Every structure is written in structure tokens, then in C-alpha cells.
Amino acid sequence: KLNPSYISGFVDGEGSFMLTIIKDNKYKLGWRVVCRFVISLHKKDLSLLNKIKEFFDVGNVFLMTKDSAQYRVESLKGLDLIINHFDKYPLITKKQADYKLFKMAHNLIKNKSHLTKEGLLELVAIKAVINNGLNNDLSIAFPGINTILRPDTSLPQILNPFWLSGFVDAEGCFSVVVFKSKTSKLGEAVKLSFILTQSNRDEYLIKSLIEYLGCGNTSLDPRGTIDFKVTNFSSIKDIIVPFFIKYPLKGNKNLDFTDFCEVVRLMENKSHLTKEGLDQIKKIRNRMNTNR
């Protein structure tokens, strides 16, 4: 039935709130303004996409040409049910600001303000701060907009474990890596890892995970991204594994968590020190994540 806090947590990772302003001769002012909300996932998560549709009970799930599909919402009534939800189950990443702007533009469209010259100017000023902002065409066409400020989003606190389970279902990773350790009996070793990746803008949120889960550490990526990594076994077995079983994943990634947990059990018996348990771990690794 999909938990609402799981929804906000998943949309916080995957999903986009957009305000499209494209030149269209069909409109009196020669400009088409439309609000849209789209989650774009790999086809393997087609089932999850349809579950999200059932959650909102609006929009449709479209099967793209590639190994990907989208849950899309592009109607007034539809967006109204989406805003009804996020006004009660808000996002907590920087995407929240993109949502509040998407909400401002939506209200103006409900007033037909996109059909007037002044209203269209307000909508262009808003789009100028949503996601990637204006392009080189809108800058040329709409010079002199009253530049509005991108809404500020207070520092985030994780307040519901189901939110984190959706945020993890969207941007988490369960790694079972076997590397070569010359100082070991078998010459190899097993490195388990839990990973939550995000951009520098939400570094506060990522460090929040350290206190919420009570473990892990923050890692900075030179390219401009921050990771939350739990890399010690004792915490993975006692904290992470129990957490994502009590607050389980719903997408395709849950399968990887299942195989991930199976490796945890073989490592709790010290089986990973033998060749039989190590071989079984490799058989498990070879069938999870990028090997399905």
C-alpha cells in the first residue's frame, strides 16, 4: 500500500518537479506554461512505479523506449493531489525548494495567470530558479523579469524511519566486494559496505545519518558529492540489517539487500574465512546490483 513517509523519502531522491515554458504558437501569448511531476526509473522498477501511481491514485506510468519508464503527472487535478500529499509529508532535501517553486507556479496556473503578460512574467521568474533555470532563449525573450529568490530550506532532521527507507531505496547501495589481501590465509577478503550518496548541497542531511542510525562516517568525493558509508561489520549486522528489515525496501534494490543480508550471515559464522563460504559469497555477489 506504500507508506506516505516512504513516498516523500523516495521522491526526495528520485523524482522531479518541473515548470516548462516553451514557445508555442497555439497560445495567445505564444508561450506554453505547464506544471509537471515525473519520476524516471529503470524498467526493472516498473512494479514500484505502478505502486506509486496507486499511492497517489492519479497520473499514469509510461513505458519509455529504453530500459526505463516514468510515472508522470501533468494535470491540474493530478498536481492538486500531489501537493495535497507533500504539504503534509514534505521533502527535506534541497529538492524541497524546487517543490515550493513548483507549487507557486501551479497556483498561478490555477488562476489562469499564465494567460496574462504580468502573470507569465512571474512564472518565468519562478522557472528561473527551478532546477537548471532559464535557458538562452528565455533570457532573450523575457529580459527584465523581477528576479525572485530561490526559497530557503531549513536544516533537515530525519523524523520518520520510513522516509529513510524510501531515501535508501532511491539512492542507497549494498556492496559485497571481494579484494586481494596478501596477509590473509586465503589471500582474499570480503568488504561489506552501506552507501548513501548525495550532492554537496545536502551535506548536512548526509551527516545527519551518522546520528540517526548511530553509526557510519562521511566521505567527500572530489567530483563534488558526499557519501555516508557504514563500513564496519559489527554495525552493519546489528544496526543496518535490522533497520532495513523492520523498515523494508519496496523497489528492485530490496533484492540486493536480501543477498546483502545473506552475505552478512555467512560472515557472522566466520564462514568467509573458508574457501566454501568465500566461494558462496562470490556466487552471491555475482548475482546482485549490476549483475542481474
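Start at 1 and count along the sequence shown; that's the residue number.
Once the C-alpha B-factors are averaged per stretch, 159-167 and 101-109 rank with 101-109 first. For the segment pair 205-213 and 137-145, the entry gives 137-145 the higher mean B-factor, averaged over Cα atoms. Per the deposited record, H42 carries the highest C-alpha B-factor of all listed residues (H42, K246, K237, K250). Highest CA B-factor among the listed residues (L91, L192, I195, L186): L186. In the PDB entry, a CA B factor belonging to the middle third of its chain's modelled residues is recorded for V73. Ranked by Cα temperature factor within the chain, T65 sits in the highest third according to the deposited record. Per the deposited record, the Cα B-factor of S47 falls in the highest third when ranked against the other modelled residues of its chain. In this PDB entry, the Cα temperature factor of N291 sits in the top third of its chain's modelled residues, the highest group. In the PDB entry, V11 places in the lowest third of its chain by CA B-factor.
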